[PDB]
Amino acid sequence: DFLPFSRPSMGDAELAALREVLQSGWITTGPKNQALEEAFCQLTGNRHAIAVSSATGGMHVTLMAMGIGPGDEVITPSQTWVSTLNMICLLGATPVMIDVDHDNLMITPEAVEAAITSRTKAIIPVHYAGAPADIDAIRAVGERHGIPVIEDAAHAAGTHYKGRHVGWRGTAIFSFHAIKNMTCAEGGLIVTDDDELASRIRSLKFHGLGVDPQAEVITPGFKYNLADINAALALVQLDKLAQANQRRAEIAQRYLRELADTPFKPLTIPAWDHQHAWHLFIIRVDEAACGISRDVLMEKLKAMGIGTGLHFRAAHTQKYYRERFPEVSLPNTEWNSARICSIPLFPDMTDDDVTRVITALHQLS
């Protein structure tokens, strides 16, 4: 009877796809990877798609292929998952953590521009919770200074910005982790319009192998390829994505309406034209307004059989980054990081599941 904050929608279609792969005998990277990549080119309109074993690995090889390393700075929010900051550091580069908008939790072009230095080699905006960042404005800052923008689109499968899917141009990295809007348990995919970057990425995610003749190691690379077992699941889930996101939107709209007369504060919907994917439904819990703290709300909801998530504890408040970058002070991030939680949002939720959550929040206010 526990209602988790997320659960995948796996059924007979996924099992039938798995049966096909197993029957074929070709279970690692093969035709299903190619079909998934072609499908994401059709979805986004971008040129190149590279399937990978996780969005974290995708970020690792994308930054590596761009040549980012010691002496380089990478602008990123602290208000994101730690994978991006970790990959910057593990390439020897320096994350430059910037604040986010206090109500949609995404970086602004002004904050990006203020943080640019002669060392900046990449800017990594996050499309947060299913809404897009103001990517044209961020891209314009990058273009003015000759700095590439790499989009963290983990939350943005099915997100549109000014009438196009996220990643229609430039470079973006999607996630297929279990709680994402389409999942193959673990997986990811990079889209890019940059031919050379795409060529480097494909080699660096598969041992650095390339043709100088037979394939051989051109420069050392990692192992981040996606098996066809997983790619086949992702194809089924992509086929379901439009309907899944429609259901998520219906649930989120009901949360927006029925929590309007509670002190719990959702994120604000951006003013630029978009279609929200509704990956997460985040609320801010301020004890002064709500009569209950964020941590206690999570605990009491759990005691009522209702799961919640924390997306995310800001990276700069975590031990490694807190001690390496003690000077970082990001007020909007710090205020929200202490007050946000994610309430249940997934397309297998019934109307009664949603009513249960809303009733509990009303009771706990």
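Each residue number is its position in the shown sequence, starting from 1.
Coordinates are absent for 10 or more residues of the deposited sequence placed between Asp212 and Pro213. The PDB entry reports B-factors from which the mean C-alpha value can be compared for 255 to 263 and 92 to 100; the larger average falls on 255 to 263. Legend: mean Cα B-factor per stretch from the PDB entry, 340 to 348 versus 16 to 24; the higher mean is in 16 to 24. Comparing C-alpha B-factors across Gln79, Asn86, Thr219, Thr183 in the deposited entry, the largest value falls on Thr219. If you compare the C-alpha temperature factors of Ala227, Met106, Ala114, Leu189 in the entry, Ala114 comes out highest. Among all modelled residues in this chain, the alpha-carbon of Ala55 has a temperature factor (C-alpha) in the lowest third. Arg164: CA B factor lies in the middle third for its chain, per the PDB record. Placement of the Cα temperature factor of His274 within the chain: lowest third of the modelled residues, per the deposited record. Sort the chain's modelled residues by C-alpha temperature factor and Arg144 lands in the highest third, per the entry. When the modelled residues of the chain are ordered by their C-alpha B factor, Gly291 lands in the highest third.
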